[PDB]
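First comes one chain, alone, set out as structure tokens in the form deposited in one PDB entry.
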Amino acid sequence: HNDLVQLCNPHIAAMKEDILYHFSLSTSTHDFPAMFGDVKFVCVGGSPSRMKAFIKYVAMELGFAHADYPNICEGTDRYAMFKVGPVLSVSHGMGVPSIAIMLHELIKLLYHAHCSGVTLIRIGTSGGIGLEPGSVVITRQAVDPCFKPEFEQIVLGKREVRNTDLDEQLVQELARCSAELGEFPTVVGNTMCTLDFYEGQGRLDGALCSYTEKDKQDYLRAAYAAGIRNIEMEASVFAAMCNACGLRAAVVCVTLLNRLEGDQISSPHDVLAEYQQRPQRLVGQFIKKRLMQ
């Protein structure tokens, strides 16, 4: 069996209209069950153009392809959204707050639509620690800059923390899917999530920096010793909010560089373009597998 999407907010049922402002969708203008009722896989990532390329790629893999892929979030440019069969693809911009806004409105969307048995997967990019560039990491545990699996949020002025573990069975399944493709290195490790790409990640190439190469190396190697294999900027809220609503979720990111060797992203454009298809291919394999059952 597969359970209905639940909220942790009793106010929503008591509203006569729910406006999904950042999607330009509303319960009074759109039929959510008709539009989204059959959704089973929701994939999210930073870049709208990557999330569109993803929907097209998955359409081909599941035999839906010919055709046009309309942006469901016409009426806004905050996020883009696409659908083919049971697969929904949504962009989320960059950063904890940007993906958090998307998650609130998306979980409400799935709830209004009465979706059931859903899986949510982030596909993204990151910096690796001690891994060859282009390696894919499947996140076991999302982790803060001090290495603790917690997400802190200020609510009405008070600090609140939620656990940021991810579903273990899902990560092992994702690892098997990657083994089946046999196309690129894929590890499971912890993922550090930060609020800043530059100083927040120990970079020396920001507009501000008051530390040395030695300080960076020491911090990064300490992170590695604590089991961290990559660094990005969304994993923490994603995990916390999915945990909060009882949703099975996973995070799959390609590394664009090895941070023990540098800060700048200088690989040729063709190499980066291909690196970024790796998570798509992995998740594509996962979805195809699930559908042949």
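One rule holds for the numbers: they count along the sequence shown, beginning at 1. Take the two forms, find the largest set of C-alpha atoms that superpose within 1.5 Å, and that set is the rigid core.
The same protein also has a form deposited in another entry, omitted here; what follows describes it.
K.L.:
Which single residue of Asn163, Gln153, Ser116, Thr76, after superposing the core, moves its CA by 2 Å or more between the shown form and the other one?
P.N.:
By this measure, the answer is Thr76.
K.L.:
Following rigid core alignment, is the displacement of the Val271 C-alpha between the shown form and the other one equal to or greater than 2 angstroms?
P.N.:
Passes the 2 Å threshold, so yes.
K.L.:
Looking in that other deposited form, decide if the C-alpha atoms of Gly75 and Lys56 are closer or farther than in the form shown; they differ by 3 Å or more.
P.N.:
Residues converge in that other deposited form, at least 3 Å closer.
K.L.:
How does the CA gap of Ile265 and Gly93 change in that other deposited form versus this form, closer or farther, if it moves 3 angstroms or more?
P.N.:
Note: Cα gap between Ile265 and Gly93 widens in that other deposited form.
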